[PDB]
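Undergrad: The structure file upload24.cif (mmCIF, C-alpha atoms) is provided below.
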```
data_run
#
loop_
_atom_site.label_atom_id
_atom_site.label_comp_id
_atom_site.auth_asym_id
_atom_site.auth_seq_id
_atom_site.Cartn_x
_atom_site.Cartn_y
_atom_site.Cartn_z
CA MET U 1 12.64 -37.23 -1.09
CA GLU U 2 12.66 -35.88 -4.64
CA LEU U 3 14.30 -32.56 -4.88
CA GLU U 4 13.29 -29.37 -6.71
CA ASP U 5 16.14 -27.09 -5.74
CA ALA U 6 19.36 -27.95 -3.95
CA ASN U 7 21.49 -25.34 -2.15
CA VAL U 8 19.04 -22.74 -0.72
CA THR U 9 19.80 -19.17 0.43
CA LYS U 10 18.82 -20.47 3.84
CA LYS U 11 17.28 -18.18 6.42
CA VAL U 12 15.83 -19.54 9.65
CA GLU U 13 13.18 -16.86 10.23
CA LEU U 14 11.24 -18.71 13.00
CA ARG U 15 13.73 -19.78 15.68
CA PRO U 16 11.48 -22.17 17.61
CA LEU U 17 11.11 -24.51 14.62
CA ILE U 18 14.74 -25.60 15.19
CA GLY U 19 13.94 -27.18 18.62
CA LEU U 20 10.58 -28.45 17.43
CA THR U 21 12.06 -30.47 14.65
CA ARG U 22 15.36 -31.44 16.29
CA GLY U 23 15.50 -35.14 16.47
CA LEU U 24 12.71 -35.91 14.10
CA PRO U 25 13.14 -38.80 11.79
CA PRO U 26 14.08 -37.39 8.34
CA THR U 27 10.94 -38.66 6.73
CA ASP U 28 8.80 -36.83 9.32
CA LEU U 29 10.59 -33.53 8.64
CA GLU U 30 9.98 -34.12 4.98
CA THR U 31 6.27 -34.86 5.57
CA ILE U 32 5.90 -31.69 7.54
CA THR U 33 7.57 -29.63 4.85
CA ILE U 34 5.65 -31.16 2.01
CA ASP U 35 2.41 -30.45 3.81
CA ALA U 36 3.63 -26.89 4.47
CA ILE U 37 4.25 -26.50 0.72
CA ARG U 38 0.78 -27.50 -0.06
CA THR U 39 -0.53 -25.11 2.60
CA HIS U 40 1.61 -22.51 1.19
CA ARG U 41 0.05 -22.88 -2.26
CA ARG U 42 -3.53 -22.85 -0.92
CA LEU U 43 -2.90 -19.74 1.10
CA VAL U 44 -1.45 -17.92 -1.89
CA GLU U 45 -4.43 -18.97 -4.02
CA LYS U 46 -6.86 -17.70 -1.41
CA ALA U 47 -5.21 -14.39 -0.97
CA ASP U 48 -4.87 -13.85 -4.70
CA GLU U 49 -8.57 -14.79 -5.28
CA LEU U 50 -9.67 -12.35 -2.64
CA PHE U 51 -7.53 -9.58 -4.11
CA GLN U 52 -9.15 -10.23 -7.52
CA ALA U 53 -12.70 -10.21 -6.15
CA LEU U 54 -12.12 -6.85 -4.63
CA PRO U 55 -13.93 -4.00 -6.30
CA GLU U 56 -11.54 -2.45 -8.79
CA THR U 57 -11.25 0.69 -6.73
CA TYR U 58 -9.60 -1.40 -3.98
CA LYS U 59 -6.90 -2.93 -6.16
CA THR U 60 -5.84 0.45 -7.58
CA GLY U 61 -5.72 2.09 -4.17
CA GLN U 62 -8.69 4.34 -4.90
CA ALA U 63 -10.58 2.66 -2.05
CA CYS U 64 -9.65 1.07 1.24
CA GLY U 65 -11.08 0.10 4.62
CA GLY U 66 -14.04 -2.14 5.38
CA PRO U 67 -14.77 -5.77 5.97
CA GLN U 68 -13.97 -7.09 2.51
CA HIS U 69 -10.63 -5.33 2.44
CA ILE U 70 -9.92 -6.57 5.98
CA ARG U 71 -10.67 -10.16 4.94
CA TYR U 72 -8.13 -9.84 2.12
CA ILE U 73 -5.56 -8.33 4.45
CA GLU U 74 -6.11 -11.13 6.96
CA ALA U 75 -5.68 -13.80 4.27
CA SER U 76 -2.49 -12.15 3.12
CA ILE U 77 -1.19 -11.96 6.68
CA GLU U 78 -1.86 -15.75 7.07
CA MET U 79 0.00 -16.36 3.76
CA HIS U 80 3.01 -14.23 4.71
CA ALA U 81 3.26 -15.69 8.18
CA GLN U 82 3.04 -19.29 6.96
CA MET U 83 5.67 -18.55 4.22
CA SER U 84 8.07 -17.56 7.03
CA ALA U 85 7.57 -20.98 8.55
CA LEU U 86 8.01 -22.67 5.18
CA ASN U 87 11.25 -20.82 4.53
CA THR U 88 12.48 -21.87 7.93
CA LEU U 89 11.63 -25.50 7.22
CA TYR U 90 13.62 -25.28 3.94
CA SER U 91 16.60 -23.90 5.90
CA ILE U 92 16.43 -26.79 8.39
CA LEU U 93 15.96 -29.37 5.68
CA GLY U 94 18.70 -27.90 3.52
CA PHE U 95 16.89 -28.16 0.17
CA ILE U 96 13.52 -27.44 -1.39
CA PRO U 97 11.47 -30.57 -2.02
CA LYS U 98 9.65 -31.18 -5.30
CA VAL U 99 5.91 -31.08 -5.23
CA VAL L 12 9.61 -5.94 12.26
CA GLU L 13 9.40 -9.74 12.19
CA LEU L 14 7.32 -9.98 8.97
CA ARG L 15 8.33 -7.13 6.71
CA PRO L 16 5.66 -7.69 3.98
CA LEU L 17 2.97 -6.61 6.44
CA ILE L 18 4.15 -2.98 6.33
CA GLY L 19 3.36 -2.56 2.69
CA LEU L 20 0.27 -4.66 2.92
CA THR L 21 -1.32 -2.45 5.56
CA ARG L 22 -0.17 0.91 4.24
CA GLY L 23 -3.21 3.18 3.97
CA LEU L 24 -5.50 1.01 5.99
CA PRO L 25 -7.54 3.16 8.38
CA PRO L 26 -6.26 3.04 12.00
CA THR L 27 -9.59 1.66 13.23
CA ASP L 28 -9.29 -1.27 10.87
CA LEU L 29 -5.67 -1.79 11.84
CA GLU L 30 -6.62 -1.89 15.45
CA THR L 31 -9.47 -4.25 14.79
CA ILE L 32 -7.14 -6.65 12.95
CA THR L 33 -4.61 -6.54 15.73
CA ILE L 34 -7.19 -7.24 18.39
CA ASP L 35 -8.50 -10.24 16.39
CA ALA L 36 -4.85 -11.33 16.03
CA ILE L 37 -4.45 -11.41 19.79
CA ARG L 38 -7.54 -13.58 20.08
CA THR L 39 -6.19 -15.87 17.37
CA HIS L 40 -2.79 -16.13 19.09
CA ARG L 41 -4.55 -17.14 22.31
CA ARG L 42 -6.60 -19.80 20.51
CA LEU L 43 -3.52 -21.16 18.80
CA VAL L 44 -1.60 -21.39 22.07
CA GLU L 45 -4.59 -23.17 23.62
CA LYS L 46 -4.64 -25.74 20.81
CA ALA L 47 -0.94 -26.35 20.98
CA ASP L 48 -1.24 -26.80 24.73
CA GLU L 49 -4.14 -29.26 24.34
CA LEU L 50 -2.23 -31.35 21.90
CA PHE L 51 0.96 -31.39 24.01
CA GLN L 52 -0.95 -32.47 27.17
CA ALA L 53 -2.40 -35.38 25.20
CA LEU L 54 1.00 -36.66 24.02
CA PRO L 55 2.40 -39.78 25.71
CA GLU L 56 4.84 -38.98 28.54
CA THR L 57 7.82 -40.21 26.50
CA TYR L 58 7.27 -37.29 24.15
CA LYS L 59 6.41 -34.75 26.85
CA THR L 60 9.96 -35.26 28.30
CA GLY L 61 11.65 -35.33 24.97
CA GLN L 62 12.69 -38.97 25.31
CA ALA L 63 10.73 -39.87 22.15
CA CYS L 64 9.81 -38.09 18.96
CA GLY L 65 8.22 -38.53 15.55
CA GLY L 66 5.05 -40.27 14.35
CA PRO L 67 1.68 -38.80 13.37
CA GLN L 68 0.48 -37.63 16.74
CA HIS L 69 3.80 -35.83 17.51
CA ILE L 70 3.67 -34.37 13.97
CA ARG L 71 0.18 -32.90 14.63
CA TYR L 72 1.48 -31.21 17.79
CA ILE L 73 4.50 -29.79 15.91
CA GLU L 74 2.25 -28.47 13.16
CA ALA L 75 0.03 -26.74 15.78
CA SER L 76 3.11 -25.24 17.30
CA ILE L 77 4.43 -24.09 13.98
CA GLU L 78 1.08 -22.34 13.30
CA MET L 79 1.27 -20.64 16.66
CA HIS L 80 4.83 -19.43 16.12
CA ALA L 81 4.17 -18.12 12.64
CA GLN L 82 1.02 -16.24 13.76
CA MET L 83 2.88 -14.74 16.69
CA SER L 84 5.43 -13.22 14.32
CA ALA L 85 2.53 -11.53 12.47
CA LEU L 86 1.02 -10.29 15.72
CA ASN L 87 4.30 -8.77 16.88
CA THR L 88 4.57 -7.03 13.51
CA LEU L 89 1.05 -5.64 13.82
CA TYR L 90 2.02 -4.14 17.14
CA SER L 91 4.92 -2.35 15.61
CA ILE L 92 2.82 -1.01 12.73
CA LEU L 93 0.00 0.08 15.06
CA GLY L 94 2.34 1.64 17.60
CA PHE L 95 0.85 -0.23 20.58
CA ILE L 96 -0.61 -3.43 21.94
CA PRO L 97 -4.38 -2.72 22.31
CA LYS L 98 -6.28 -3.44 25.56
CA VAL L 99 -8.02 -6.78 25.21
CA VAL L 100 -10.29 -8.30 27.88
CA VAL L 101 -9.39 -11.94 28.43
#
```
Can you give me the file's structure in the form of structure tokens?

TA:
Amino acid sequence: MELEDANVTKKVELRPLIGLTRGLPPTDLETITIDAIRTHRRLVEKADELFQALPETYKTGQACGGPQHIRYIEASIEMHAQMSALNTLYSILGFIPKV
Amino acid sequence: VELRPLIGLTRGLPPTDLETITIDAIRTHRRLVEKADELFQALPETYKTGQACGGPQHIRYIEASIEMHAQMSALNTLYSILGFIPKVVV
């Protein structure tokens, strides 16, 4: 499928994705990755929106702890974890698809 | 540490909140394993033996598995940051 960036500084970070995707038809690996890209972008947007809605004392470090902060931290954890998977998919695919 | 960004992200968070997040992360891991397991069990036998692969249903199982593996890497990181795996009643 259309490419964004060829030759990636590949890093399989999530070992089990190799077995999971071994044997898949190319188009299905592509579908999975494109969907992961879109999930990636939504997760980033969520995390960033939560960070911005934080009271200004939280951003600066003044404040910390508490539900709201925890919700932000959880959304960022989801984003970082899913980005690991996305990087792994790029490694397996060999390129970064254009979306 | 499997997911290095988590160290910076959690720096300064009170220990109680860290431990609450990690306990919720165990619950989440257990739910994600359960879902992956449900989807695998529902796959046609050809796919459960690895004779066949691909198609939407198989894709949905792979995506559930990917979710589970990515979350687990977060959870293992949380353990390292916290210094322990908390007791969780299951």

Undergrad: Restricting the calculation to only C-alpha atoms, which member of L:97, L:65, L:26, L:55 is positioned closest to chain U?

TA: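 Using only C-alpha atoms, chain U sits closest to L:65.
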
Undergrad: Select from chain L every residue with an atom at most 8 Å from any atom of chain U, then for each give the shortest pair of atoms and their distance in Å to one decimal, using all atoms listed in the file, rows by chain and rising number, as a Markdown table.

TA:
```
| residue | atom | partner | partner_atom | distance |
| --- | --- | --- | --- | --- |
| L:14 | CA | U:81 | CA | 7.1 |
| L:16 | CA | U:80 | CA | 7.1 |
| L:17 | CA | U:77 | CA | 6.8 |
| L:20 | CA | U:73 | CA | 7.1 |
| L:21 | CA | U:73 | CA | 7.3 |
| L:23 | CA | U:64 | CA | 7.3 |
| L:24 | CA | U:65 | CA | 5.8 |
| L:25 | CA | U:65 | CA | 6.0 |
| L:28 | CA | U:65 | CA | 6.6 |
| L:32 | CA | U:70 | CA | 7.5 |
| L:64 | CA | U:24 | CA | 6.1 |
| L:65 | CA | U:24 | CA | 5.4 |
| L:66 | CA | U:28 | CA | 7.2 |
| L:70 | CA | U:32 | CA | 7.3 |
| L:73 | CA | U:20 | CA | 6.4 |
| L:74 | CA | U:32 | CA | 7.4 |
| L:77 | CA | U:17 | CA | 6.7 |
| L:78 | CA | U:82 | CA | 7.3 |
| L:80 | CA | U:14 | CA | 7.2 |
| L:81 | CA | U:81 | CA | 5.2 |
| L:82 | CA | U:81 | CA | 6.0 |
| L:84 | CA | U:81 | CA | 7.0 |
| L:85 | CA | U:81 | CA | 6.0 |
```

Undergrad: If you measure from atom CA of residue U:3 to atom CA of residue U:91, what distance in Å do you get, rounded to one decimal?

TA: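 Straight-line distance from atom CA of residue U:3 to atom CA of residue U:91 works out to 14.0 Å.
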
Undergrad: So that I can check the surroundings of stretch 98-101 of chain L, please list as a list in words every protein, DNA and RNA residue that reaches within 12 Å of it, counting all atoms listed in the file and ignoring chain neighbours fewer than 4 positions away.

TA: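 Final neighbour list, sorted by chain and number: residues 30, 31, 33, 34, 35, 36, 37, 38, 41, 42 and 90 of chain L.
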
Undergrad: Quick one: distance from atom CA of residue L:53 to atom CA of residue U:42 in Å, one decimal?

TA: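 Answer for the atom CA of residue L:53 to atom CA of residue U:42 separation: 29.0 Å.
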
Undergrad: What separation in Å, quoted to one decimal, exists between atom CA of residue L:27 and atom CA of residue U:54?

TA: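 So the answer is 19.9 Å.
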
Undergrad: For this structure, which residues satisfy the selection - the PyMOL selection byres ((chain U and resi 11) around 7) - when it is evaluated on the file as given? I want them as a list in words.

TA: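 Applied to this file, the PyMOL selection byres ((chain U and resi 11) around 7) returns residues 9, 10, 12, 13, 87, 88 and 91 of chain U.
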
Undergrad: Evaluate the PyMOL selection byres ((chain U and resi 95-97) around 7) against this structure - the residues, as a VMD selection string, please.

TA: chain U and resid 1 to 8 90 93 to 94 98 to 99

Undergrad: Written as a compact mmCIF listing (two decimals) with C-alpha atoms, keeping the file's coordinate frame, which residues does the PyMOL selection byres ((chain L and resi 12) around 8) give for the file shown?

TA:
```txt
# COMPACT_ATOMS: atom_id res chain seq x y z
CA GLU L 13 9.40 -9.74 12.19
CA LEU L 14 7.32 -9.98 8.97
CA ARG L 15 8.33 -7.13 6.71
CA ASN L 87 4.30 -8.77 16.88
CA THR L 88 4.57 -7.03 13.51
CA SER L 91 4.92 -2.35 15.61
```

Undergrad: Which is closest to residue L:51 among L:22, L:86, L:68, L:95, if we use only C-alpha atoms?

TA: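 Checking each candidate against residue L:51, we get L:68 as the closest.
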
Undergrad: Could you complete stretch 3-23 of chain U so that it carries N, CA, C and O atoms, and give it back as a PDB file, keeping the file's coordinate frame?

TA:
```pdb
ATOM      1  N   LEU U   3      13.900 -33.911  -5.114  1.00  0.00           N
ATOM      2  CA  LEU U   3      14.300 -32.560  -4.880  1.00  0.00           C
ATOM      3  C   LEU U   3      13.872 -31.654  -6.021  1.00  0.00           C
ATOM      4  O   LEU U   3      13.775 -32.099  -7.166  1.00  0.00           O
ATOM      5  N   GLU U   4      13.649 -30.379  -5.705  1.00  0.00           N
ATOM      6  CA  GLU U   4      13.290 -29.370  -6.710  1.00  0.00           C
ATOM      7  C   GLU U   4      14.525 -28.516  -6.898  1.00  0.00           C
ATOM      8  O   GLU U   4      15.065 -28.395  -8.008  1.00  0.00           O
ATOM      9  N   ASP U   5      14.998 -27.988  -5.778  1.00  0.00           N
ATOM     10  CA  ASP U   5      16.140 -27.090  -5.740  1.00  0.00           C
ATOM     11  C   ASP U   5      17.107 -27.370  -4.603  1.00  0.00           C
ATOM     12  O   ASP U   5      16.766 -27.231  -3.425  1.00  0.00           O
ATOM     13  N   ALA U   6      18.338 -27.696  -4.951  1.00  0.00           N
ATOM     14  CA  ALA U   6      19.360 -27.950  -3.950  1.00  0.00           C
ATOM     15  C   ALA U   6      19.941 -26.601  -3.565  1.00  0.00           C
ATOM     16  O   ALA U   6      19.578 -25.576  -4.148  1.00  0.00           O
ATOM     17  N   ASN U   7      20.825 -26.583  -2.573  1.00  0.00           N
ATOM     18  CA  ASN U   7      21.490 -25.340  -2.150  1.00  0.00           C
ATOM     19  C   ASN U   7      20.556 -24.100  -2.129  1.00  0.00           C
ATOM     20  O   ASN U   7      20.414 -23.393  -3.140  1.00  0.00           O
ATOM     21  N   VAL U   8      19.960 -23.850  -0.959  1.00  0.00           N
ATOM     22  CA  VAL U   8      19.040 -22.740  -0.720  1.00  0.00           C
ATOM     23  C   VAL U   8      19.696 -21.579   0.039  1.00  0.00           C
ATOM     24  O   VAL U   8      20.538 -21.806   0.918  1.00  0.00           O
ATOM     25  N   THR U   9      19.333 -20.342  -0.315  1.00  0.00           N
ATOM     26  CA  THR U   9      19.800 -19.170   0.430  1.00  0.00           C
ATOM     27  C   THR U   9      19.020 -19.165   1.740  1.00  0.00           C
ATOM     28  O   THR U   9      18.087 -18.356   1.972  1.00  0.00           O
ATOM     29  N   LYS U  10      19.420 -20.140   2.562  1.00  0.00           N
ATOM     30  CA  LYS U  10      18.820 -20.470   3.840  1.00  0.00           C
ATOM     31  C   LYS U  10      18.684 -19.262   4.757  1.00  0.00           C
ATOM     32  O   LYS U  10      19.584 -18.425   4.850  1.00  0.00           O
ATOM     33  N   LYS U  11      17.556 -19.205   5.447  1.00  0.00           N
ATOM     34  CA  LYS U  11      17.280 -18.180   6.420  1.00  0.00           C
ATOM     35  C   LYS U  11      16.276 -18.755   7.424  1.00  0.00           C
ATOM     36  O   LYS U  11      15.091 -18.936   7.104  1.00  0.00           O
ATOM     37  N   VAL U  12      16.761 -19.173   8.597  1.00  0.00           N
ATOM     38  CA  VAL U  12      15.830 -19.540   9.650  1.00  0.00           C
ATOM     39  C   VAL U  12      15.176 -18.227  10.103  1.00  0.00           C
ATOM     40  O   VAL U  12      15.809 -17.373  10.689  1.00  0.00           O
ATOM     41  N   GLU U  13      13.900 -18.058   9.825  1.00  0.00           N
ATOM     42  CA  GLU U  13      13.180 -16.860  10.230  1.00  0.00           C
ATOM     43  C   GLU U  13      12.378 -17.079  11.528  1.00  0.00           C
ATOM     44  O   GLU U  13      12.200 -16.140  12.321  1.00  0.00           O
ATOM     45  N   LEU U  14      12.014 -18.332  11.822  1.00  0.00           N
ATOM     46  CA  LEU U  14      11.240 -18.710  13.000  1.00  0.00           C
ATOM     47  C   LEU U  14      12.057 -19.663  13.885  1.00  0.00           C
ATOM     48  O   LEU U  14      11.922 -20.848  13.830  1.00  0.00           O
ATOM     49  N   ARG U  15      12.814 -19.065  14.795  1.00  0.00           N
ATOM     50  CA  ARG U  15      13.730 -19.780  15.680  1.00  0.00           C
ATOM     51  C   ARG U  15      13.217 -21.033  16.381  1.00  0.00           C
ATOM     52  O   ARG U  15      13.895 -22.018  16.450  1.00  0.00           O
ATOM     53  N   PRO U  16      12.013 -21.001  16.928  1.00  0.00           N
ATOM     54  CA  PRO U  16      11.480 -22.170  17.610  1.00  0.00           C
ATOM     55  C   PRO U  16      11.293 -23.414  16.762  1.00  0.00           C
ATOM     56  O   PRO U  16      11.346 -24.523  17.337  1.00  0.00           O
ATOM     57  N   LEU U  17      11.306 -23.342  15.432  1.00  0.00           N
ATOM     58  CA  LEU U  17      11.110 -24.510  14.620  1.00  0.00           C
ATOM     59  C   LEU U  17      12.353 -25.411  14.712  1.00  0.00           C
ATOM     60  O   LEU U  17      12.283 -26.602  14.440  1.00  0.00           O
ATOM     61  N   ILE U  18      13.504 -24.805  15.102  1.00  0.00           N
ATOM     62  CA  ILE U  18      14.740 -25.600  15.190  1.00  0.00           C
ATOM     63  C   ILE U  18      14.562 -26.681  16.304  1.00  0.00           C
ATOM     64  O   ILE U  18      14.759 -27.864  16.042  1.00  0.00           O
ATOM     65  N   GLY U  19      14.211 -26.268  17.514  1.00  0.00           N
ATOM     66  CA  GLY U  19      13.940 -27.180  18.620  1.00  0.00           C
ATOM     67  C   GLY U  19      12.781 -28.128  18.342  1.00  0.00           C
ATOM     68  O   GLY U  19      12.847 -29.332  18.616  1.00  0.00           O
ATOM     69  N   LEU U  20      11.723 -27.603  17.743  1.00  0.00           N
ATOM     70  CA  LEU U  20      10.580 -28.450  17.430  1.00  0.00           C
ATOM     71  C   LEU U  20      10.888 -29.606  16.535  1.00  0.00           C
ATOM     72  O   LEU U  20      10.294 -30.671  16.697  1.00  0.00           O
ATOM     73  N   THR U  21      11.805 -29.432  15.579  1.00  0.00           N
ATOM     74  CA  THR U  21      12.060 -30.470  14.650  1.00  0.00           C
ATOM     75  C   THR U  21      13.343 -31.190  14.942  1.00  0.00           C
ATOM     76  O   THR U  21      13.652 -32.114  14.209  1.00  0.00           O
ATOM     77  N   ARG U  22      14.094 -30.753  15.968  1.00  0.00           N
ATOM     78  CA  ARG U  22      15.360 -31.440  16.290  1.00  0.00           C
ATOM     79  C   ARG U  22      14.993 -32.829  16.713  1.00  0.00           C
ATOM     80  O   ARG U  22      14.121 -33.046  17.551  1.00  0.00           O
ATOM     81  N   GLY U  23      15.651 -33.762  16.079  1.00  0.00           N
ATOM     82  CA  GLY U  23      15.500 -35.140  16.470  1.00  0.00           C
ATOM     83  C   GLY U  23      14.504 -35.880  15.646  1.00  0.00           C
ATOM     84  O   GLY U  23      14.435 -37.098  15.734  1.00  0.00           O
TER      85      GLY U  23
END
```
